[PDB]
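Next up is one chain by itself, shown in structure tokens, the form deposited in one PDB entry.
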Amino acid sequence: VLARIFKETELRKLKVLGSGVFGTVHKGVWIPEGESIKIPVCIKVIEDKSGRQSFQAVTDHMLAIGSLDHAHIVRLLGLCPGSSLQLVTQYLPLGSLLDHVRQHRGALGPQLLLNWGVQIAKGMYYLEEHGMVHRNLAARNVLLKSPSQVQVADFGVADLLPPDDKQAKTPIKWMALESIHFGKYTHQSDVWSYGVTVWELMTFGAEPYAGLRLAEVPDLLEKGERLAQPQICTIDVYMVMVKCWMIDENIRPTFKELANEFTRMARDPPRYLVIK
């Protein structure tokens, strides 16, 4: 695939859906010139409020995000350079998997939970096979394309911005220790974030390290503390998560191994998730 470079005139933002550190997200419309059609899209505006740099040039890394497509990632339809960067995707109205599980909780049933572990790993495996480091995997950035199928969103976006060493800006509770301590991001550090994400699913959207201050999270990890075993998880599921949070980057599983292992468990869900 190949992403489109939009003219500013064929994009219109219509409503803010959210706002974080990696930009503001809008419901939008794509109006391709002269075709008499208005296509619903989702628009993420990235503005560098720290250093006030522009995004007028189409970098190799923006083209890399735009040449990826897979059933379990959100395709980047295109972008629109400018003083702020606009990223354009399909609009997925069903929203985020985090909100879904928080609302329905155990009513979702064990098959769907394990199936989603498979799908997120397959999406991540695709991204790894194409050399794309996500840098911000989390249950909030897994989106429902359908009631049963999810897609990994926001891959590559953190790299669109240069680091600011000015003295909360990054998602500490989802990050591998090597990323916190050294700013190093790899497919192996995406595996750590994957383990947190599937922990979010099995707890139905509990907050990781619920009541501790962010400053204290690295020290607890080095001392060997980890997210607790979810109530529905048998020891076999939890052990897959624990291997994801090894400080040794080389002991963590691969995305191929993770998709394989959740495939095997999804073949007999109640032997692995026990939902009262």
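The term rigid core refers to the maximal set of C-alpha atoms that superpose within 1.5 Å between the two forms. Start at 1 with the first residue shown and count on from there. Shifts are known only where both forms have a C-alpha.
Just so it is clear, the following notes concern the form deposited in another entry, a form of the same protein that is not shown.
- Core superposition between the shown form and the other one leaves every listed residue (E249, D48, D69, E225) with a C-alpha shift below 2 angstroms except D48.
- Superposed on the core, the two forms differ at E35: its CA moves 2 Å or more between the shown form and the other one.
- The Cα-Cα distance between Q56 and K49 is shortened by 3 Å or more in that other deposited form relative to the form shown here.
- The Cα-Cα distance between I65 and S50 is shortened by 3 Å or more in that other deposited form relative to the form shown here.
- Identified as moving between the shown form and the other one on the superposed core are the stretches 34-37, 48-54, each made of at least three consecutive residues whose Cα atoms shift by 2 Å or more.
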